[PDB]
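This report refers to the structure that appears directly beneath it.
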Amino acid sequence: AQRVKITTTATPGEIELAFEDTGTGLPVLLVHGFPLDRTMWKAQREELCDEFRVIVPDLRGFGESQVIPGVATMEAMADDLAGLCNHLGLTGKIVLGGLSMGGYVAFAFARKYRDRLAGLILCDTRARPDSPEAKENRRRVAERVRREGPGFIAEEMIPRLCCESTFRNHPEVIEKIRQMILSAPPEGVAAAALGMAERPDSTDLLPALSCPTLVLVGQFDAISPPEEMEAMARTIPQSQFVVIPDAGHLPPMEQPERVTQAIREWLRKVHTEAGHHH
Ligand SMILES: [Cl-]
Ligand SMILES: [Cl-]
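Whatever position you read off the sequence shown (first residue = 1), add 1 for the authors' numbering.
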């Protein structure tokens with residue numbers, strides 16, 4: 002892995018990001034969910050790097066990246082991604098993928114950096130903003146995690162993050178996810194919770210998208226259910242919708258091979274070298 006100070010248009014202007022960068026050629030950036038880290042995309046990074054250059058950062062406040070206290074807006078996280086791509090000399094187009102909060106970041110990136118997208122991968126996410134109660138629950142989480150740490154978040158979220166088959170067949174996956182949550186920096190968790198609460202409604206952004214989009218959801222996702230994600234996909238032009246069987250909210254971890262294959266086959270169609278040159 003790498004750790005670099007990048008220049009970002011968001012406050013505070015410079016931030017240290019930890020990231021993986023594996024493979025050569027056409028760039029695919031994968032953005033983790035809340036309150037996880039870059040390791041949730043490990044299988045896809047390790048497999049897709051035979052064909053693509055896969056960049057997987059820890060977002061501000063997560064994993065090994067710098068923690069910026071206050072509010073970490075989705076826009077700021079997108080600005081950081083643009084700054085990372087700038088640092089790396091990836092100033093043309095990328096494919097940007099995100100899961101859950103990472104999807105929110107992807108929408109913020111599409112708003113501001115549309116000409117930098119060859120494609121979007123939206124996993125287990127939604128375009129609507131938080132409802133008022135959901136916003137308040139963000140704030141409650143933020144205020145508590147600063148003091149108590151994320152154990153209470155793991156307790157609440159783990160049963161909702163993965164399907165029954167994952168608990169049975171892959172207890173090691175459950176434990177990896179649990180350790181991601183338990184290790185998440187408290188002030189980073191708080192800042193991102195507050196940022197999610199104030200994110201805009203991206204519903205109307207979707208019909209205005211101008212790149213191919215893959216929408217992926219676990220069959221048993223309890224947080225962003227497949228029915229809702231299918232409806233979201235029907236608002237996005239040039240979309241492909243895939244349900245991953247026997248996965249909940251975290252298909253990349255729960256059904257890694259199925260996710261890798263879905264992404265690989267779509268990338269082959271959408272993210273070509275001639276498209277990069279011209
Ligand atoms: Cl957003
Ligand atoms: Cl909500």
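From the three backbone atoms N, C-alpha and C, an ideal C-beta is built for every residue, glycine too.
Assigned secondary structure, residue i (DSSP; H/G/I helix, E/B strand, else coil)
i	result
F153	helix
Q241	strand
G219	strand
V106	helix
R4	strand
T10	coil
Opening and closing residue of the alpha helix (DSSP H) in which residue i lies
i	result
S166	165-170
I264	257-271
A73	Neither: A73 is in no alpha helix (DSSP H) and is coded neither H nor E.
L195	187-198
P227	227-234
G276	274-278
Contact set for residue i: own chain, Cβ-Cβ below 7 Å, skip 5 residues either direction
i	result
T25	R54
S211	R115
residue 285	Outside the displayed range of the chain (2 to 279) lies residue 285, so it cannot be described from this structure.
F168	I175
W267	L215, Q241
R112	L206
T261	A44, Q45, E48, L49
residue 1	This structure cannot settle anything about residue 1, because the visible part of the chain is limited to 2 through 279.
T204	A128, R129
Same chain only: Cβ atoms within 8 Å of residue i, ignoring 5 sequence neighbours per side
i	result
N87	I7, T8
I16	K6, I7, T9, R61, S66, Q67, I69, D81, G84
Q256	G219, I245, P246, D247, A248
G196	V72, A73, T74, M75, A77, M78
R139	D131, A194, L195, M197, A198
Residue i - containing beta strand (DSSP E), residue span
i	result
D22	15-23
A119	118-124
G98	95-100
Exposure label - residue i; buried when at least 16 CB within 10 Å
i	result
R46	buried
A232	exposed
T12	exposed
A73	buried
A109	buried
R4	exposed
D51	exposed
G14	exposed
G90	exposed
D222	buried
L27	buried
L183	exposed
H279	exposed
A234	buried
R259	buried
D125	buried
Own chain residues within Cβ distance below 6 Å of residue i, not counting five before or after
i	result
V96	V29, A119, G120, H272
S66	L18, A19, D59
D131	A198
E228	none
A191	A143, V146, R147
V243	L217, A263
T23	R46, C50, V55
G34	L100, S101, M102, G103
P187	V146, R147, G150
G189	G62, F63, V68
heavy atom of ligand 4 below 7 Å from residue i C-beta
i	result
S203	Although ligand 4 was asked about, the structure shown includes only ligand 1 and ligand 2 as ligands.
Can you give, in chain order, each stretch of the alpha helix (DSSP H) that sits fully within the stretch 22-93 and has at least 4 residues? Taking 4 residues as the minimum length, the alpha helix (DSSP H) runs contained wholly in the stretch 22-93 are 43-49, 75-89, in order along the chain.
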